[PDB]
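So the structure is just underneath, and the comments pick up after that.
Since every read-out is calculated from the coordinates, none of them should be taken as a lab result. Counting neighbours? That spans all protein chains shown, and the Cβs are built from the backbone with ideal geometry, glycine included.
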Amino acid sequence: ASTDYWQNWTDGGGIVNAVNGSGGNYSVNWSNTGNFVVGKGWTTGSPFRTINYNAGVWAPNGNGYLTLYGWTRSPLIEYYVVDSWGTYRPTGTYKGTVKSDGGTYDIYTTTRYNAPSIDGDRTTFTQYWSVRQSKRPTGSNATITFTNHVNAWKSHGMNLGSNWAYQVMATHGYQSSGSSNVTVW
């Protein structure tokens with residue numbers, strides 16, 4: 001599946017040398033960071049998607065997520081399905097779990113008041129996450145069957161927006177340094 005959205009955000013601090021290359025291929029060389037996100041994919045998120053990535057470099061120095069990343073509206077919801085990471089494995093309020101794509105994922109919700117969004121500014125939104133338990137191997141062809149996670153959340157009072165925004169396989173950071181070459185499709 002040929003991708004159409006490209007994401008390259010940075011709060012401004014440190015370095016994010018993010019290269020948009022051929023098709024679904026992207027890469028990031030970051031050093032001394034604050035906040036940043038990079039990701040290829042689609043401009044309207046679907047909950048029916050099957051995402052295909054292949055992390056060929058995944059070398060964090062600290063707090064990172066190789067995570068499915070996306071957004072919705074009515075209500076504003078920033079969500080994740082984290083397949084791996086560097087030093088810190090994300091969490092929040094446990095609801096349950098869910099098997100998909102070989103991994104079992106923990107379910108969590110977190111509240112963020114005063115912080116950017118696809119509206120911008122400092123504001124609130126709720127965050128649904130599915131967090132893998134082991135760190136999923138990189139290197140080879142991975143698959144995020146996402147309906148699985150949307151059906152999951154839904155049985156946990158985690159419903160999502162009527163209005164779909166961007167949905168990308170992303171490289172997430174917060175005051176870390178490191179490296180990633182992924183390819184999405």
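Descriptive notes on the structure:
- Proximal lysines to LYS135, defined as alpha-carbon separation beneath 23 angstrom and excluding residues fewer than eight positions away on the same chain: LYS40, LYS95, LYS99
- Using the Cβ of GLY96 as centre and a radius below 15 Å, the other residues enclosed give a net charge of +3, where K and R count +1 and D and E count -1.
- Placing +1 on the Cβ of every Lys and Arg and -1 on the Cβ of every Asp and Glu, with nothing else charged, gives the chain a dipole about its Cα centre of roughly 380 debye.
- Helix-only [θ]222 nm of the chain, DSSP H runs n ≥ 4, -39500 (n - 2.57) each, per residue, nearest 500: -1000 deg cm²/dmol
- Ordering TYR80, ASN35, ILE118 by Cα displacement along the dipole of the chain toward the positive end leaves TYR80 in first place; charges were set at the Cβ atoms of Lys, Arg (+1) and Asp, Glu (-1).
- Note on the chain: Cα-Cα pairs beyond 23 Å make up 36% of the total pair count.
- Length-normalised contact order of the chain in % [C-alpha pairs under 8 Å, at least 6 apart]: 37 percent
- Pairwise Cα distances in the range 87-185 exceed 15 Å in 71 percent of cases.
- Checking every one of the trypsin sites (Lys or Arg not before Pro) in the range 129-164 against DSSP loop status and a limit of 11 other Cβ atoms within 10 Å picks out no site at all.
- When the alpha-carbon atoms of the range 48-115 are used, the pair Rg, Dmax equals 13.4, 36 angstrom.
- Sorting 51-63, 33-45 by their mean Cβ neighbour count within 10 Å, with the most densely packed peptide first, gives 33-45, 51-63.
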